[PDB]
Structures are given as C-alpha cells and as structure tokens.
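Okay, so here's just one chain, in structure tokens, the form deposited in one PDB entry.
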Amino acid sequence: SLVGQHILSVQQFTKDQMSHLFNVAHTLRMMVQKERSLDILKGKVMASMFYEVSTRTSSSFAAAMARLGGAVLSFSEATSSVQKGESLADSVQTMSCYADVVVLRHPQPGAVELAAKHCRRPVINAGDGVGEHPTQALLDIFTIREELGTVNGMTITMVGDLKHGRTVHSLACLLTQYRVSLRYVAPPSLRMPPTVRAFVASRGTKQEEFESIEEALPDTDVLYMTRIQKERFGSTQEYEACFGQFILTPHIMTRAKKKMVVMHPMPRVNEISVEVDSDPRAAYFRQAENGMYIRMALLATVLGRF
C-alpha cells in the first residue's frame, strides 16, 4: 500500500501496486469526465519544489492536485530562500511543515533520496538529474497498456540519449516486471548505462542494440523517442555532434507495424517531425494527458483516500 511512502525509485513498485494505481487512475479519469465532485484532497496541500525546469511534470502534478480539490504551493529555486544560502535538506524540511506532500525535482542525482531522509511527509521524486523519473515510468507503462492492450509480449524500442535520459533508466528497470523485449538505438557515447543494462540483464529481459531506427522499426510495438539532453553534456561540441542523429519522419513510419505506438516523454526539439503528429499511432500528447490522471492516482493513494 502506497500510503504515506516516499516515492523515490521504480524499484519499490510491486506489480500489484501499479495495477491498484492504474485502476484508481481509471476511476479518477471517469469522474473528471462525468463532472463529478472531487473533494478527495480538500484540506491537503502539495509542495511543488522544482530546482530544474519543468512543463509537463510540474503542470500535471498541479492540475491533478487542483482537480482532487487540493491546493498547490509553488516553489522555484530562483525566488526562494535558496538565494540566502538555504540547504536542500532544510528547504524540504520546511516545505513539509506547510504541506502534506512534497514533489521535488533536482539537478543532482540521489539528491531527492538524500533530502527525503529527514523529511517527515511523503516526498515524490519528479526527476533526480540523470538518475530516475519514477512517476514518468509509471505513466509510460499506463500509456503502453492503454494504446495497445497489453504490455506483456511487447517489443519496446528506446531511441536517442539513453545515458542522460532518466526516463528510460526508470522505464527500462520497471519494464522488468513485464514480459518484454527491449531494443536500444543510441550512438556509442549515449548508450544505456551499465548498472541499468546490468540490472535489466539480471531480471532476464532480453536487451539488444541497433544502429538505426530503420532496422528496429518493423518489429517495434512501442517506439519511445527521447531528447538529446543538452544541459547534461560536458561540452557543446559533444552535444552538437549528437544533435540530430535520429529524426523520425513520416517516411520512416511507412514500415512501422499497423499495431504500434510512438511515444516521447517530451519536450521534443528536432527528433520527431511535426508531420508525425497526425498519424494516430503518435500518442505522445495522449501520453501527457494520461500523466495527470496517474499523478491524481498517486496523490490520492499516497495521501490515503484511494
């Protein structure tokens, strides 16, 4: 039961917990459609703390807490007393004095788990540098299930920057709970990390690397595209060399399975042609909307109403 627990890492997620949570997510989405009265989190305040920029992850948590009848406390680093020199631990300790939950994204990996040590209320990891994005894995798995019917028996193809990409890290790890085959399409420099490729191996999930998107596609049921993480590179030179390696265009999606989904945790810069947007296999915006409902489910369960 997720009640009152730190949500730090995909590891802790039982298959039973995820399915409880997919179910509550489908319930909460029904009531929003039915224009039902949601006073579920009336009284409860969420502390949204972002030290690293966000659009979907911050907006999805905020919209969710609103739509459960809760309130949100906005916290950015730039206008906070961080600027007086406050430590990350003290910032988190203080925001819990006001809030029932803490959503923390931060640029340094393990910072969230480090701050969550002395935190006396549930802290949700919304991204820890290149480490992990746990609720994003959860919504991607929900979306796969939603778009195709099952997750078991599926071939997931992760393309792009796997080294920095905290979403694929979490997502690869978590897809070890489903009978899947993973394929990686990266340049040598941005290959999926060792601990991750080692973790996935030890669960038995068959990993495979490919050089291009042309090769992986015809067997790919789930095509997960990523963004060349420009702000994690040691030098632009390294970045601009890698920028634009893979570019999904409608020409490429003419040898993709009829049954098939293209995802992206967003934002995209170059890596998906806008023309792809019309193909109904493109579910990356539907992926966004799912996120709000899963995060509604997590906030309801972690605060212990569903």
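Only residues modelled in both forms are compared. Here the rigid core means the biggest group of C-alpha atoms that line up within 1.5 Å when the two forms are laid on top of each other. Throughout, we count residues from 1 along the sequence that is shown.
For the pair 57-65 and 26-34, the mean B factor over Cα atoms is greater in 26-34. Stretch comparison (207-215 versus 126-134) by mean CA B-factor in the PDB entry places 207-215 on top. Taking the PDB entry at face value, the top CA B factor among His169, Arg145, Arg105, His118 belongs to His118. Per the deposited record, the Cα B-factor of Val302 falls in the middle third when ranked against the other modelled residues of its chain. When the modelled residues of the chain are ordered by their C-alpha B factor, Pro250 lands in the middle third. Ranked against the other modelled residues of its chain, the C-alpha B-factor of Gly70 as given in the entry falls in the lowest third.
In the deposited entry, the Cα temperature factor of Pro265 sits in the bottom third of values across the chain's modelled residues. Ranked against the other modelled residues of its chain, the C-alpha B-factor of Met292 as given in the entry falls in the lowest third.
The same protein also has a form deposited in another entry, omitted here; what follows describes it.
Once you line up the core between this form and the one not shown, the CA of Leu190 is the only one from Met225, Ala99, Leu190, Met154 that shifts by 2 Å or more. In the core-superposed comparison between this form and the one not shown, the C-alpha atom of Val200 has shifted by at least 2 angstroms. Once the rigid core is aligned, the segments that move between this form and the one not shown, defined as three or more consecutive common residues whose C-alpha shifts all reach 2 Å, run 129-131, 162-164, 187-202, 227-230, 243-245.
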